[PDB]
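[1] Give me the fold of what follows.
(6 chains)
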Amino acid sequence: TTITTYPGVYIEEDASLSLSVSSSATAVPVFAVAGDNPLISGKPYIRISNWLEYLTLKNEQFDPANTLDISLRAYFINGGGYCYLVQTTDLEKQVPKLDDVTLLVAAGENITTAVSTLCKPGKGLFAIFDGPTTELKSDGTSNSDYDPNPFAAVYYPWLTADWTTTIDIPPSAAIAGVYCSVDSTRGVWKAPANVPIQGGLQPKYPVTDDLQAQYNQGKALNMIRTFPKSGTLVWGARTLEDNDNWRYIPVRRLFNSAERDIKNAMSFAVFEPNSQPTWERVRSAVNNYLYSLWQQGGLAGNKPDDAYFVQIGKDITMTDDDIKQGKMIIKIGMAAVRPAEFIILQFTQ
Amino acid sequence: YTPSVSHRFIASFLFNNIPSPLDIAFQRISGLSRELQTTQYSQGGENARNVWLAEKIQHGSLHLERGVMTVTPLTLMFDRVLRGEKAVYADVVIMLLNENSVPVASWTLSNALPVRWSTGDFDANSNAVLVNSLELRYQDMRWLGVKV
Amino acid sequence: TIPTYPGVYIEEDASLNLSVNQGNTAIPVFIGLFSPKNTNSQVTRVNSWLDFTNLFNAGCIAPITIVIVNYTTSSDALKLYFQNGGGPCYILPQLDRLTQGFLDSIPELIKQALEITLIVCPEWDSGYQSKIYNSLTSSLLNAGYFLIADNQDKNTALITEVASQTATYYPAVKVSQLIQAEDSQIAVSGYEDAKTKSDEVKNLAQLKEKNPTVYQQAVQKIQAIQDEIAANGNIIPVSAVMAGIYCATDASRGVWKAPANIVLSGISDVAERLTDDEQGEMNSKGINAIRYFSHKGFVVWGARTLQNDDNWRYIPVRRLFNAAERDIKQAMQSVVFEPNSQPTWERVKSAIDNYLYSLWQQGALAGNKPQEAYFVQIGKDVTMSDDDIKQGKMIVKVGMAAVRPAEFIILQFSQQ
Amino acid sequence: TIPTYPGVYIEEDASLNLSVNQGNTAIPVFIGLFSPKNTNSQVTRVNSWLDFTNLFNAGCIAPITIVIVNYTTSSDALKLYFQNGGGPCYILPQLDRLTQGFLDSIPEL
Amino acid sequence: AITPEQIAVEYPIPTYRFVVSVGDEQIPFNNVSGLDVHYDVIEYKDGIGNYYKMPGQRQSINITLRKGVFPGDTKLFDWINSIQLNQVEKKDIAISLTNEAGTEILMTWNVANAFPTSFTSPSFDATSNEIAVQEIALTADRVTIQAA
Amino acid sequence: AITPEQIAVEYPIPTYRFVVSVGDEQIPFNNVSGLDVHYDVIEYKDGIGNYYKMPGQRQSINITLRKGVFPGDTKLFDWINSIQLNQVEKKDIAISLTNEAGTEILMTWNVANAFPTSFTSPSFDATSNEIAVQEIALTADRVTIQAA
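    Residues are numbered from 1 along each chain as shown, chains lettered A, B, ... in the order given. Here you go, the structure:
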């Protein structure tokens, strides 16, 4: 078996699981892990590429009583890619060290403090919270403990499956897998809702239209509901801030992806002469990317002049003081497409 | 959505579950097709719609092209069948390769029967390679891979 | 091998050689615990990695004096230097104990080699590096020499005699494996017994067959050192890597381009992972950082010097002036003993003006026309007086304008 | 922002700037209730909309003297001027009350 | 009396001073040509004499860059030699008319997603008095003009 | 002030000094041309407006060498006259730009598996004042450039 001595065929009868892995660049999550976990103790972070790698490093059979094990299984069965495991107490110290992390996933832990510090404008991070573990209060005060952060979202309720025990799967683990699947399939600008949840996962509690009507404005909660024919779907794509901007997860996450891609596109211009020839080279790099994004359907507008604009130059974006200080300032303005959310049927005879 | 070119491919023949290492280079392999046979039915008072009823599935034939070369196991099997000996089945795996010689798409055929062998004309005014044309008929088709 | 018959010979080995580059404006000198194959304290010119292995014993163990042993990173630091685009270099091996006589002689030894432009100390020991850096007098640095230094701390900058002529980098880099040498290539000296003189033992192989007792004494320390370096990882000072990057940047883009935003090669990992907030603190203090970016890799992310002012803040500005005053000085050495008269001064002005025009053509200087980029002044009542000329003096004033790099790029995003 | 580390910074805002034009035969001077950022009555040259916002406070409320307040269209009118192809211009802010001393000095200024 | 700032505003621009950026790197070139945009025309005629004309599909952009042969430089050949089967790194190309000293850009031609299709080596003639010149041909997607 | 060592490093190379090695033998030639690499382009359009372009197959390399007629020398004609039916000796060919004295190589063009396809004899004109020149045409597989 594992000891290979003679050339030929070896027979063994195992029961280890086997799954499949996707590849999405705009969804690289970091999972908060309890400090008592033996695998994470003594290390800053652990990178997991697939279920095969995690099982090999664990060197143990799949335990449904381990919150980390079920969260990773739910995440990987939903199409998630490679992720990072970081202890909850080390989030504010290790997340800035990691450069490719885009999602901050609460895998059943409490990351309220880390989100309020890390998820800020310009940091290019989005957070996924966990909804209440109990029933929903009909007074509309089941979301009072969440901060109105436009860089985070909450999902309710927790999920169970065939391989479940006294502990229930946190919804954020499965949702993060949906993020990877939708981005690689239809793009980051498409709402990560109205999509099935893979596996045998089912919501622990039923949510009706009347219940959801209370938690779809202000600090909204995104629901995981079951419908008669379509199975279990993610129903909700609103962030924690109710504003004409950043109301929807697609708009906030599209700008996060565009900022990261643009930053990588014109990063060649650092430590270059701060003159007009450099500015023109940077403008070409930004315009080339924005046109490509518009062609894929990520921007709203019939022609590129209606979808984006780029400005850079002297007395347009920067002054003499900015140039003498080594600063180069660019303005980018892009229009995002907002989905249809309410459908009204009018019947008459 | 990037499409795949059609000039990089490989075919393998298994005789009694032994692959043939010398029969992987071919000038041309014909496309593989499956068709569901149907018959149209007409009702009594239905004069504006059509009804199609399913039937058995028809598989196409496998055609290969290759130049004249040294005798290989594939040639010996073809000669034996066409000489009047007992028929023998072969399994064929057709693979479409990418830039790293990784099969993105692959089609497997079960119980392929050699049924025809033809050769090109001997022409004294030509500038061409003598090419053998082989045709096989198989029982089932099945595709594996990330693309199709 | 030793060839006897004509024809083709076949050898199996693992020796590695690297492509040799060339340059003029970046020739570094390495001060460290090297092990020359020849006993005869003096600076030795090395043209390539092959030449170094022919003249020096490569390895991670310093020569053994009888016993004590030392761990050295000089050989692997040189390998990183050549892998990153390094050209010919000079090597100053420090043998035996670090005496004050050696430290005082360092500025004079470097000046004796006329082609040196960079000074690098490729040693992991922090105390050893501090002693070497303090031995570089302000007269040596102000004479057109640049020091690349390894900062040992993330929070406090290094202190040198001349701030504007020094650059520090942090942190060190890891490598996959060290260079291992056979027993015959490890220098051994000082052994003596009744039947043998002190000069009859030269390497570890001879020591083994003459006295296994002290041989086991030496290998225990070697094994102990090898265990210690394996535990903490194969850490190499980053100054040697930066020396190669300086050579590659000058040959490709020129001296006026900042030696930053360049990808490192041959390394495995950095000693410490840095964030943007930490790098913000170091950059203000003058410590350039080696950063890791997922889409790029390991890159140099700093171009500042230890002096923070509007004149000598950036490395490319400082190094360009060093190159210009070096080339101008070379041009004026054909005028030293000419008669001190007006026709001599006219020839001096023409020589400098011709050189400065060529510099402006390549884009080294700023401005839309030569009058905005440089000026040369020399005269009997403009720069020098009658007393200066009676004393044999000749005074010429040169001014240039350089282009500063862009360090911060700000993106302003709008919803509509 | 205040840059500390080398690299790329990201900001979210709503500030708007317009393309800058040029000319010689049409350079206007605007007299009105402007709010200069500097206390120091004198004509100030403005090259573009970005330069105007850097030297003046844009808004529809005149500076408050202690209380009385005033409504001014000077900032919006300048934005219309730049949006219609205007180039560099001079701005003559009138501060405090409208004294006759200011009126007499206008032709000389 | 005509002032130099008047010439920079009203006078046309010559062709001999330009800078070319290939990908994220700038390479000195001797000749650049072929930046053209073409469209097809779709026509429709009817019996009563109508005649409609419309623009059709835009064609692909072809570009040739000419450069001298320098010691130790094979960057352009290395680009065309990296093609595996149908995979190659595509680069954006910008050609800018420049100030006489190179410190100011006047007009830029932007070319997106270009990859090489042909490479011409210099012809070795023993009776000539010229410089070895290599030429590279590229296929692109789009061309745009941005006025500085 | 420009030193000769600077010119050897920064200046472009002329075409008129070169050495040609045919097989394992070196032969002086007057003109060498045709070392070009060409690729086809494969395109794919879809209904929603996508447009994909990829490199295709590499074409064959054709090379022509020109040489004067010397007494007792028929080496080039003997090579093309040795073709039997489809068998011929294939030789590698290298053309190197050389130092002005011939003792140093600057750049090399390597041509693999070349065999002759055509041979042009000199034209005998009684009114001419030229040297008889023969030309040979070769077909090869691959061309690579190596910088010394």
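[2] Which residue is the nearest non-sequential neighbour of whatever residue of chain E ends up closest to chain C?
    Nearest residue of chain E to chain C (Cβ to the nearest Cβ) works out as residue E:101 at 5.0 Å. Quick note: C-beta positions are derived from backbone N, CA and C, even for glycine. Using Cβ to Cβ, 6 or more residues apart in numbering or on different chains and skipping residues adjacent in sequence, the residue nearest residue E:101 is residue C:368, 5.0 Å away.
[3] before we move on, what SS does the one you found have?
    Three-state call for residue C:368 (DSSP: H, G, I helix; E, B strand; the rest coil): coil.
[4] What residues does it make contact with?
    Neighbouring residues of residue C:368 by Cβ atoms under 8 Å, 6 or more residues apart in numbering or on different chains: E:99-101, E:103-104.
[5] List buried members of those by neighbour count.
    By neighbour count, with 16 or more other Cβ atoms under 10 Å in any protein chain shown, these hold E:99, E:101, E:103-104 as buried.
[6] and which of the residues you listed is nearest to chain F?
    residue E:101 (20.5 Å).
[7] Just give me the neighbour total for residue C:76.
    Per other Cβ atoms under 10 Å in any protein chain shown, the neighbour tally for residue C:76 reads 22.
[8] Contacts for the helix or strand hosting it, please.
    In this structure, residue C:76 sits in helix C:74-83 according to DSSP states H and E. Contact with helix C:74-83 is made by C:18, C:20, C:28, C:30, C:32-34, C:48-49, C:52, C:56, C:58-60, C:89, C:91, C:122-123, C:173, C:175, C:178-179, C:234, C:236-237, C:239-241, C:243-244, C:265-267, as judged by Cβ under 8 Å, 6+ apart.
[9] Surely residue C:328 touches residue C:353?
    No: in this structure, residue C:328 is not within contact of residue C:353 by Cβ atoms under 8 Å, at 10.8 Å.
[10] Between the two, which has more neighbouring residues?
    Neighbour totals were compared for residue C:328 and residue C:353, and residue C:328 leads with 18 against 15 (other Cβ under 10 Å).
[11] and that one, backbone torsions?
    Main-chain torsions, residue C:328, degrees, to the nearest 10: phi -60, psi -40.
[12] Grab the nearest non-local neighbour of it.
    residue C:352 (5.9 Å).
[13] pretty sure the one you found is in a strand, no?
    No: counting by three-state DSSP, residue C:352 falls outside a strand, being helix.
[14] mind checking how far it is from chain A?
    25 Å (Cβ to the nearest Cβ, to the nearest Å).
[15] That residue and residue C:397: what is the separation?
    10 Å (Cβ to Cβ, to the nearest Å).
[16] Need the residues touching each of those two.
    The contact lists of residue C:352 and residue C:397 share residue C:376, where a contact means Cβ under 8 Å, 6+ apart.
[17] Give me the more crowded residue out of these two.
    Neighbour comparison, residue C:352 and residue C:397: the larger count goes to residue C:352, with 22 against 12 (by other Cβ under 10 Å).
[18] Quick check: the more buried one vs chain F, distance?
    Separation of residue C:352 from chain F (Cβ to the nearest Cβ) stands at 12 Å.
[19] where exactly do the strands run in chain E?
    E:18-22, E:25-26, E:31-33, E:39-45, E:51-58, E:61-68, E:91-98, E:105-120, E:124-125, E:133-140, E:142-147 (DSSP state E).
[20] what packs against the last one?
    If contacts are counted by 3 or more Cβ pairs under 8 Å, 6 or more residues apart in numbering or on different chains; DSSP states H and E, strand E:142-147 sits against helix A:276-295, strand E:105-120.
[21] what does stretch B:133-147 contact?
    For stretch B:133-147, contacts defined as Cβ under 8 Å, 6+ apart pick out B:4, B:32, B:34, B:59, B:61-66, B:78, B:90, B:92, B:96, B:103-120.
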